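What follows is a pair of forms of the same protein chain, given separately as structure tokens and numbered structure 1 and structure 2.
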Structure 1
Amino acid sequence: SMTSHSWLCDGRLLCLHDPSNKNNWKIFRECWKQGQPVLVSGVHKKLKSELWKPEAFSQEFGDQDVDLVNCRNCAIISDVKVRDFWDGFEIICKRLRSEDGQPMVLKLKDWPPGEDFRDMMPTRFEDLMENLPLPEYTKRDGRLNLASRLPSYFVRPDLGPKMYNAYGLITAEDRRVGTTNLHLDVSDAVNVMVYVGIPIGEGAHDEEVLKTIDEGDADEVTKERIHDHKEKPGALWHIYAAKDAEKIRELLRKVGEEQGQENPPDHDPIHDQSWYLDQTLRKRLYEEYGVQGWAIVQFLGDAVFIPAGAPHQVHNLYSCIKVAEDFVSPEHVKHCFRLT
């Protein structure tokens, strides 16, 4: 039967089922006031599927100059054409190769650049903004979005949205690497999975995806979602409560010291965006510091709501196209205030 919602993370994560239900705010706002992330499924069913394909981005924008990142070693690939990224998104035999002759796992950096999404892609902008869940919070002019209403005593978000495009991590060694490293944002955000590309070329790697979700601490119901094998999994997230950010900084200063980094005692390992918490580090955080997070698998059409101040990291399972919008809810406005 159709239902309004369900729970993941053993009851700690709200999952809303109808992105355009006018009564979602009634269920959402209690979880949101407590500092929790929220998942909303089904957004892909509201979008024009032809606007979100890798082959359309390559056809329309392929002659633009861009920089890529090698996710395995953080090497920058400077001033290449964006078609060199898009044409290898699903077809492994077309990917740029490292010196060892393996196809690289690449992230497309800052594309579209800065605040240029709306100017470059007006039809995409309209399709996304008109279908975002919790629109009183997430729309630029929503009643519960304070972004346009705050004085300079508050850090205001840039004009969005922002696109996040990267290949999937493939090997056992790749399990310890991030697509986006651990960091925090002073605004709230909603991140929507608009496309998942699963290769079939070098496509017997669906076996090491099963294990990665396991090692990632995903709950039994999310696995039922994986094990049932009807929905396409895009990315594994770990999110931590804003109240636990300093304890995570204490762990990362201790590990940086153990590994021979020479850091001042006050430096900020979260702001540095240099760490990915692998299974070893997540266990150490729980056991040594008492900190539990939320392990979230973002499937095609899932919208992840990330609270202001919450440390978070992202690991792509398959090739992903994500689109994110920042907002400032009244519940979390303290996180962008410039005093005390």
Structure 2
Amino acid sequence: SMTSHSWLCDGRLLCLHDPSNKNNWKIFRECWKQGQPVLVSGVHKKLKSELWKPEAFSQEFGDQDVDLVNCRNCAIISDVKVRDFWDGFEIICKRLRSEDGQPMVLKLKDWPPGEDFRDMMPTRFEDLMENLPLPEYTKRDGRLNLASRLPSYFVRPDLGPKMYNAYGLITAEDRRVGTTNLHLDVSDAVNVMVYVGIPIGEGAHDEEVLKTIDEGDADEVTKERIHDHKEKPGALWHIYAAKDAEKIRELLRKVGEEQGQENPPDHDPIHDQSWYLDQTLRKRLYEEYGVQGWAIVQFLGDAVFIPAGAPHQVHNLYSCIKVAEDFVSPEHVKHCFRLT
């Protein structure tokens, strides 16, 4: 039967089932006040699906200049055309190649650039903002969004949304690599998976995707969404409570030292955005520091709510289009305050 919600991560993660249910706030707010992330499924069904395809982005915007990142070695590919990224999104034999002759795993950097999303893509902007879940929190003028209401004593988020476009990681070696490394944001955010691209030509790597989710520490209820409902999995997240950020810094300082980095004892390895916590680092965090995280698989249409100050990392399983909006909830406004 249709139900209001369910639990993931063995009861530690709320999953809301209907993105436009006017009563969601009653379940949401209790979980949110405790510093937990929240998942809302089904947002894809509310969107105009023709607006969120890689072929449309290539056709409409393909002549713009951009930089890309090689996810495997963090190298920048400077001043290429945006079509060079999009035309390889699903067709592997069209991807830019590394010196070694392999197709590259690429991320499109800062596109649309800065705050231009609304000006460049006015129809996409309308379609996203009108269909965000928890609208009193997430809309620019929502009754519980303080972004437009705070003085300069608080860091205000840039006008959004922001897009995250990147290929899926492929090999066993790629399992230890991040699409986006561990970092934190001083505002809350909602991140929506608007498109998942399962490739062709080398499209058959369905079994390395299961070993990544399994080793990623994903829960048994999550593994059932694949095998039983045939939903398309985009990305594996790890999120940590804001209260655990300093223990995470202590671990990454210890590991930097062991790997012979030379860092001052105050340096911030989370702000550096230089680490991805692989299965080894996540076990060590748990055992040596007492810190447990939320391992989340974001499927097509899943909205991930990320609390202000919560460290998080993302590993694309397949090619993804994500769109995120920043907001400032009253629950987490401490995280953006400039004093004490």
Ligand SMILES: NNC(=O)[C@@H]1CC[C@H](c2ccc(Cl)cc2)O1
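Rigid core here is just the name for the largest C-alpha set that superposes within 1.5 Å across the two forms. Residue numbering: structure 1 sequence, from 1.
Between the two copies of this chain, it is structure 2 that is the form solved without this ligand. Taking the core as the fixed frame between structure 1 and structure 2, we note the C-alpha of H229 moving 5.3 angstrom. On rigid-core superposition between structure 1 and structure 2, the C-alpha of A204 is found to move 1.3 angstrom. Summarising the core-aligned comparison between structure 1 and structure 2, the C-alpha atom of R156 is found to shift 0.3 Å.
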